[PDB]
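Novice: Got a structure for you, written out below as structure tokens; questions coming shortly.
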Amino acid sequence: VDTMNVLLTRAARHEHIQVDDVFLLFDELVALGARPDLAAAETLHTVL
Amino acid sequence: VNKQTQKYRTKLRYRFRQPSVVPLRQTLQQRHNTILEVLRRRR
Amino acid sequence: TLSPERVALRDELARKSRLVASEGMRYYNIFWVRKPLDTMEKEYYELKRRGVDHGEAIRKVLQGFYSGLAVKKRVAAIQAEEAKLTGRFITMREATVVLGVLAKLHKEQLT
Amino acid sequence: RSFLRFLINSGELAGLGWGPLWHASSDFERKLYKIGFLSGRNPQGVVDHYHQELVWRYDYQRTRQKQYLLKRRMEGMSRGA
Amino acid sequence: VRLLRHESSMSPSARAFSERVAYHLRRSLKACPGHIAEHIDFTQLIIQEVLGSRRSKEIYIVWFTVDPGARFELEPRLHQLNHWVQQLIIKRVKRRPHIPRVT
Amino acid sequence: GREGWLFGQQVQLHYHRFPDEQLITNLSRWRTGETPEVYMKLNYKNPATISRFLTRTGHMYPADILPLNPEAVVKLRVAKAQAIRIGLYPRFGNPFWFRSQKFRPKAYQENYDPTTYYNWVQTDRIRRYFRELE
Amino acid sequence: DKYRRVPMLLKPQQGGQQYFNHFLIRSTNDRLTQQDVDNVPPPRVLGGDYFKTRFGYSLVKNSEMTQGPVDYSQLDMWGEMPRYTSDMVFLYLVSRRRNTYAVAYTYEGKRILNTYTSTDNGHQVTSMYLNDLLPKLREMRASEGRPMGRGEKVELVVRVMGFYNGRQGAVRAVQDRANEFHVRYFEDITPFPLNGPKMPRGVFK
Amino acid sequence: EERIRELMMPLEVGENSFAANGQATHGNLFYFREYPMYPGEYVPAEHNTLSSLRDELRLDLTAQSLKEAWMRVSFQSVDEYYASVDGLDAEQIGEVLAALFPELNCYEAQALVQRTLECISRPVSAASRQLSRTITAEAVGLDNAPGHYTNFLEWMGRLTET
Amino acid sequence: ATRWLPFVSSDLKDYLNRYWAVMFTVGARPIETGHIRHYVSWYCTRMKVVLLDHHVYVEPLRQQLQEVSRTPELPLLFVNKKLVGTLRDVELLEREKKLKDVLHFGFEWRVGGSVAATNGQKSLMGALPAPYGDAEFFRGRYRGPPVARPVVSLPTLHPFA
Amino acid sequence: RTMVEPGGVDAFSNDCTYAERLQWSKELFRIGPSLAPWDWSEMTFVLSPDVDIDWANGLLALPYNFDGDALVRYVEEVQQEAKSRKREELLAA
């Protein structure tokens, strides 16, 4: 879950990203054995 | 100087003396602390 | 601060006023004490502009102070006496003491 | 559960158990769980292990509880200072 | 401390100096400075002896109280006297191997 | 009943340290304008004053502990000597000691604590005062 | 070393690992609870008869009225000193390196009993002195005109001299007789030295 | 029973309570940790920190959105760099933010203005906020000069990031 | 050149201007004065102790001390005409190693951060600003050595120490 | 008041005889130094028809016929109790 938090934060704060790709990375992480957390949920929520 | 005054002057001289203070106890404590630190950090 | 001569006569006047006060007069409950003392020192200043023998001048101003204190005492006595004779109003301090003491008695009787 | 509750609590109440040393023994839930394991809920085994509970040496519950409560009190006093 | 030095475990000079110190301390203990006397409760204090080292570099005044509860009223005041005691030693006893440190 | 008493007595809220303290405070405040006579008493006639500077035993404190003006010290010593000569001061001892100390404990304490730095009788007085009032 | 072969994780052999999470969660919960919450004089005595019954001495004088006296009164030479009443027995216990003496005096300075003679020395001397003194007090008070009264214990002023061991034993001996001797003032008599007469050489050199 | 015993529970060597655990001879031999060991234990993250992170991300992304809007709509000289005048003014940022976001408060609008002004230089610039806690105005002797203090903190943080 | 005279003044400011380190005490608090004396003597700085119990001008000096320290606490220490505080503040400065300097040179380090809490030599590991913060959301972050804690209180050796 | 500063003395509140008030003042003055060693800044001495010793509310009411020796006895008892309490607490600790 720490990798998810770090990737989501350092991506949402990146400039040339797309929200489609942020959510796709979240989807890939959860498909892998990553447990969503309140922090990652908040990050995705602010991004949405 | 009368005997009474001589004796009282000596009594005062001993009672009110400024001793020579040199930090030997502090130096030894610092050396002890350094020795403990070295023993702790190194084998 | 104060000028040295002014503080000097003010000190002697303060001691003399204390003596005419709680000493022989026994007037611990005086009110607006500032006015009498200031008017007395002003009267002393007038008597010194004129030239009145400082001892005699201080005696005169002290006597005036005494008369003022006495008339103040008796006017206060008039109001207290007639206020107590008329039962409609009494005064503020006894209202405070009664409204506190009744509460204390209520608490005691509760205990 | 009923039988062990009676045994432990009534023994201590009558004054034949841990008594002042109650803090040296684990709580009733730990004692119930462990004695159930050790006796298979057999009655005679339950009595025997209730007596043997004087001997348990691998119960760290009270040690950790004392440690935690002492730390909590120490930090509370440091805050108060 | 662990032990208590025996009367026979000290040199005769240290032993001699010790009974002199004990005599003078017991005689003069009421004539301590007033700002310490006014708080010391002399009713409880007792001093068994003074032991000291060989050649009396150190002096050990062994003391206690009639009631054990007074040790923690008496100890700091007693330790505020360790200079007055040294001055008493300097003034009264003439044969001293050397003026000691009081404990 | 008595009627002069009601007009004589006056009701007070809180007691004074001493009855004239408020007057003294106001007088001092005006004297300063905001909006030692011990050298006269340090003599053989004033056992309390001379005892105010002595130890529990009647002897001298250390200079550091109780430092004084040299004239005050000389007068203290000569007054003590003269009083002891006449017999107006004990040749050994110091009464007035507790009377002179200033850091005194409370009745239920053992040491002085730097942190320290409607009664039924007056209720009955008020009750009887008002009872006579009507 | 003897136990060099055992693992370091078994040297102390930590245990109870299942309680740490519970303790963390409970500490956080109690912190939240604390935040939400955020968002000796002695007893009282009133009756005179009660005071008399409680303390054994009436407070009110309750005596003859000597009213209409002089308008100014003379002080006592020693105002601050304790109030020694007539019926107080003043016993002095003097200690020394080898010996211990114990005497008892009347309020007027009259010696009641002769002197008697380390820690055990003082304890025994004091116990014997008290045992022999109680009858002597009986006879002296009876001759005076004062019957004992059943259970009334003698009021005592105990004074000790000497910074020696025997003081502990003597005071313990006086304490052991509390039921009959009521100690009211325990004090010290060790004298303040002065110029004084000459002293033996052995003390000096 | 357990909750009452928790408060009745002894903690000092006394009567029937005593430290036979070698604490006098060996000392503190039992470890005790206040952190949940990541894989095994869990404690919910604190909401002050949750809100802090959420607010920082909100402000950063809003600042980037405004910067991209300005670039959609539309080099710095030495004089302009020294003056620290960006492509937009604080008044312009405040007015656009107030127009587009009604409910947003005055304090948050000022924060958005500051962050949008500062993102032209550094996107995150989270070093100054932290360094403010380590270095204090009084310590650096700059107490009644908050503008200079913040200027230095930004300078120092952006240098530390190198 | 002149006879020895003990210094006395009704003004706290005279004491501050005259003596480098001045402590006001009373005879009813021997232990606190002993502790402050221990610290000052350990750091070998001349210090003057004044007992207010028999000091004349006792009430003036006491009220002046109370108004300058904003608390009635008789054991008080002053250095460079400033207030270091009571035994608790002296102990705090000894804890974070600022007492040496407040005594010798008369100033408290305002650097921020504690020097007492150290595992070895003093360095800057963990001082640099953390990008984006989030020092808490690295659940697998390095947590340090396994600090041990006592089980029971180990009764205090002396009621004073 | 000057030697045993109590922070308050009330002899003139209760309606007694002048002889009784003078006698009570004389007894208080006699006690005086024996009562000195303790701070009475909190307690207020007053004349009463009966004794009451309210340490919490700082009141000390005594009859004109009161034994100064007895009052000193009681205050010394209080001091001894406090001293013994501190000694016992320190020994227990």
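Bear in mind that the values in this text are calculations on the coordinates, not laboratory data. All Cβ positions, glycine included, derive from the backbone under ideal geometry; neighbour counts span all protein chains shown.
Novice: Those residues that are at the interface with another protein chain (Cβ under 8 Å from one of its Cβ atoms) and in a loop (DSSP other than H, G, I, E, B), I need them from region J:6-39; list them, please.
Specialist: J:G7, J:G8, J:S13, J:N14, J:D15, J:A36, J:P37, J:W38, J:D39
Novice: From H:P10, H:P36, which residue is in contact with a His (Cβ under 9 Å, 6 or more places away or on another chain), part of a loop (DSSP other than H, G, I, E, B) and surrounded by 12 or more Cβ atoms within 10 Å (Cβ to Cβ)?
Specialist: Sole residue among the options that is in contact with a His (Cβ under 9 Å, 6 or more places away or on another chain), part of a loop (DSSP other than H, G, I, E, B) and surrounded by 12 or more Cβ atoms within 10 Å (Cβ to Cβ): H:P10.
Novice: Mind checking whether some residue in region D:10-30 is touching a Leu at 6+ places or on another chain (Cβ under 7 Å) and either surrounded by 16 or more Cβ atoms within 10 Å (Cβ to Cβ) or more than 24 Å from H:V13 (Cα to Cα) (or both)?
Specialist: No - not one qualifying residue is present in region D:10-30.
Novice: Within region G:42-59, is even one residue more than 14 Å from chain D (Cβ to nearest Cβ), hydrophobic (A, V, I, L, M, F, W, C), part of a loop (DSSP other than H, G, I, E, B) and surrounded by 15 or more Cβ atoms within 10 Å (Cβ to Cβ)?
Specialist: The answer is yes; a qualifying residue exists.
Novice: Out of G:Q168, G:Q124, which single residue is surrounded by 12 or more Cβ atoms within 10 Å (Cβ to Cβ), among the polar types (S, T, N, Q), within 9 Å of another protein chain (Cβ to nearest Cβ) and more than 24 Å from G:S86 (Cα to Cα)?
Specialist: Exactly one residue qualifies, and that residue is G:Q168.
Novice: Okay, moving on. Quick check on region D:55-67. Is at least one of its residues loosely packed, with under 12 Cβ neighbours inside 10 Å, in a helix (DSSP H, G or I) and away from chain G (no Cβ under 12 Å)?
Specialist: Yes, there is a match, as at least one residue in region D:55-67 is loosely packed, with under 12 Cβ neighbours inside 10 Å, in a helix (DSSP H, G or I) and away from chain G (no Cβ under 12 Å).
Novice: Return a yes/no flag: does region F:34-42 have any residue that is β-branched (V, I, T), assigned to a loop (DSSP other than H, G, I, E, B) and within 14 Å of chain E (Cβ to nearest Cβ).
Specialist: no
Novice: With H:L88, H:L50 as the choices, which residue is surrounded by 15 or more Cβ atoms within 10 Å (Cβ to Cβ) and over 30 Å from D:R73 (Cα atoms)?
Specialist: Step by step, each of H:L88, H:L50 is checked, and only H:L88 is surrounded by 15 or more Cβ atoms within 10 Å (Cβ to Cβ) and over 30 Å from D:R73 (Cα atoms).
Novice: Within the set of pairs 6+ apart or on separate chains, which have a first residue in region J:52-66 that is at the interface with chain G (Cβ under 7 Å from one of its Cβ atoms), a second that is surrounded by 17 or more Cβ atoms within 10 Å (Cβ to Cβ) and among the polar types (S, T, N, Q), and C-beta atoms under 8 Å apart?
Specialist: If the second residue must be surrounded by 17 or more Cβ atoms within 10 Å (Cβ to Cβ) and among the polar types (S, T, N, Q), the pairs left are J:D54/F:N119; J:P63/J:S48; J:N65/J:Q23.
Novice: From F:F130, F:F92, which residue is of a type in the set (F, W, Y), within 14 Å of chain E (Cβ to nearest Cβ) and surrounded by fewer than 18 Cβ atoms within 10 Å (Cβ to Cβ)?
Specialist: Answer to the check: F:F92.
A quick yes/no check of all residues on (1) within 28 Å of E:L29 (Cα to Cα); (2) away from chain E (no Cβ under 12 Å); (3) among the β-branched types (V, I, T):
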site: G:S95; (1), (2), (3): yes, no, no
site: G:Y105; (1), (2), (3): yes, yes, no
site: G:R111; (1), (2), (3): no, yes, no
site: G:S118; (1), (2), (3): yes, no, no
site: G:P135; (1), (2), (3): no, yes, no
site: G:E144; (1), (2), (3): no, yes, no
site: G:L156; (1), (2), (3): yes, yes, no
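Novice: If you don't mind, there's one more thing I want to ask. Which pairs do you get when a residue that is at negative phi and at the interface with chain E (Cβ under 8 Å from one of its Cβ atoms), found in region F:47-59, comes within reach of a residue that is of a type in the set (G, A, S) and part of a helix (DSSP H, G or I), reach meaning Cβ atoms under 8 angstrom, with the pair 6+ apart or on two chains?
Specialist: F:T55/E:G34; F:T55/E:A37; F:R56/E:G34; F:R56/E:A37; F:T57/E:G34; F:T57/E:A37; F:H59/E:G34
Novice: May I pose another question? May I ask you to verify whether C:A57 is more than 10 Å from chain F (Cβ to nearest Cβ) and buried (at least 16 other Cβ atoms within 10 Å of the Cβ)?
Specialist: Here the answer is yes, as C:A57 does meet what is asked.
Novice: Just for strands (runs of 3 or more DSSP E) wholly inside region G:93-205: which have at least 2 residues that are among the hydroxyl-bearing types (S, T, Y)?
Specialist: Numbers: elements: G:100-105, G:111-116, G:154-161, G:181-188.
Once the strands (runs of 3 or more DSSP E) in region G:93-205 are filtered for at least 2 residues that are among the hydroxyl-bearing types (S, T, Y), what remains is G:100-105, G:111-116.
Novice: Within region D:12-49, how many residues are outside any loop (DSSP other than H, G, I, E, B), more than 24 Å from H:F18 (Cα to Cα) and of a type outside the set (V, I, T)?
Specialist: Looking only at that region, the number is 14.
Novice: Let me ask another. Residues of region C:87-111 being within 12 Å of chain F (Cβ to nearest Cβ) and either within 15 Å of F:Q10 (Cβ to Cβ) or assigned to a loop (DSSP other than H, G, I, E, B) (or both), which ones?
Specialist: Within region C:87-111, C:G87, C:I90, C:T91, C:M92, C:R93, C:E94, C:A95, C:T96, C:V97, C:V98 meet the criteria.
Novice: Looking only at residues in region E:39-75 that are assigned to a loop (DSSP other than H, G, I, E, B) and among the aliphatic types (A, V, I, L, M), which one is farthest from E:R5 (Cα to Cα)? Steps first, answer last, please.
Specialist: Of the residues in region E:39-75, the ones assigned to a loop (DSSP other than H, G, I, E, B) are E:39-44, E:51-57, E:60, E:66-67.
Next cut, among the aliphatic types (A, V, I, L, M) only: E:40, E:51, E:66.
Numbers: E:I40: 28, E:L51: 7, E:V66: 23 Å.
Checking each candidate, the answer is E:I40.
Novice: Still on this model: Just checking, does region E:63-74 include any residue being of a type in the set (F, W, Y) and more than 12 Å from every other protein chain (Cβ to nearest Cβ)?
Specialist: Looking for residues that are of a type in the set (F, W, Y) and more than 12 Å from every other protein chain (Cβ to nearest Cβ), one finds none in region E:63-74, hence no.
Novice: Scan the helices (runs of 4 or more DSSP H) fully inside region F:43-112 and keep the ones with 1 or more residues being of a type in the set (K, R).
Specialist: F:70-86, F:97-100
Novice: Let me ask something else. Being within 9 Å of chain H (Cβ to nearest Cβ) and among the charged types (D, E, K, R) is the filter here, so list the residues in region I:103-161 that pass it.
Specialist: The answer is I:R110, I:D134, I:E136, I:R139, I:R141, I:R143, I:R149.
Novice: Which of the residues that make up region J:40-51 are more than 7 Å from chain G (Cβ to nearest Cβ) and either assigned to a helix (DSSP H, G or I) or in contact with a strand residue (DSSP E or B) (Cβ under 7 Å, 6 or more places away or on another chain) (or both)?
Specialist: J:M43, J:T44, J:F45, J:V46, J:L47, J:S48
Novice: Let me ask something else about it. Just to be sure, is I:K48 basic (K, R) and in contact with a helix residue (DSSP H, G or I) (Cβ under 7 Å, 6 or more places away or on another chain)?
Specialist: Working: basic (K, R): yes; in contact with a helix residue (DSSP H, G or I) (Cβ under 7 Å, 6 or more places away or on another chain): no.
The answer is no for I:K48.
Novice: To continue, here is another question. List pairs: first in region E:14-32 and farther than 14 Å from E:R54 by Cα, second of a type in the set (D, E) and surrounded by fewer than 21 Cβ atoms within 10 Å (Cβ to Cβ), Cβ under 7 Å, 6+ apart or cross-chain?
Specialist: Going by the 7 Å Cβ cut-off, the qualifying pairs are E:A22/E:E49.
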